[PDB]
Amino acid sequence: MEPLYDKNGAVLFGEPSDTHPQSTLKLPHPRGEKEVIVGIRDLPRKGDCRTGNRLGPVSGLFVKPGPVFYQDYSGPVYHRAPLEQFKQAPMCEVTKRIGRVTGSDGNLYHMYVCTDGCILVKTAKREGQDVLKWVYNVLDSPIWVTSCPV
């Protein structure tokens, strides 16, 4: 299975991998001051990275099925979408674009939230095009979707 990472970027099992250079996740980057859940209509907004906001600190954006969004998180996360837990699916109607995430296969994916609450990824590539939803979450851990810029 795809490895999890701790808040100092150390892998908790398996072997570590680098994120795609064009992902909205850029490492190394610190996180884990506080676990902070956010509503999707209340995602962290420009300048929140430096200062935090009324909800707490901001290390970027994390998400897991539910959907549950977080603006900071301290426990194990995915640095890449664990594609064994995703299933090929039709393009949904999307509520929001949330980032560009590295897949388990090393490829770049656009990540969206669908109106049905599903987290969906679609290959960034022009040729070869997969569309998937995050349907199992066996270790109950979010993907780190985007990191704050500094």
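When you see a residue number, it is the position in the sequence shown, counting from 1. Rigid core (definition): largest C-alpha set, two forms, superposition within 1.5 Å.
S.K.: Which segment is farther from the shown form on average in 6 other deposited structures of this protein after a rigid core fit, 94-102 or 45-53, going by CA atoms?
M.R.: Higher average C-alpha offset in 6 other deposited structures of this protein goes to 45-53.
S.K.: Looking at the entry, does 45-53 or 111-119 show the higher mean C-alpha B-factor?
M.R.: The entry gives the higher C-alpha B-factor average to 45-53.
S.K.: On mean Cα temperature factor in this entry, is 34-42 or 66-74 the higher one?
M.R.: Taking the mean C-alpha B-factor of 34-42 and of 66-74, the larger value falls to 34-42.
S.K.: Highest Cα B-factor in the PDB entry belongs to which of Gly9, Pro142, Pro21, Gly128?
M.R.: Most elevated C-alpha B-factor of the set, per the entry: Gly128.
S.K.: So if I compare the CA B-factors in the entry for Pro82, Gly60, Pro28, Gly99, which one is the largest?
M.R.: By C-alpha B-factor in the record, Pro28 ranks first.
S.K.: When the modelled residues of the chain are sorted by Cα temperature factor, does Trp134 land in the lowest, middle or highest third?
M.R.: It belongs to the lowest third of the chain when residues are ordered by C-alpha B-factor.
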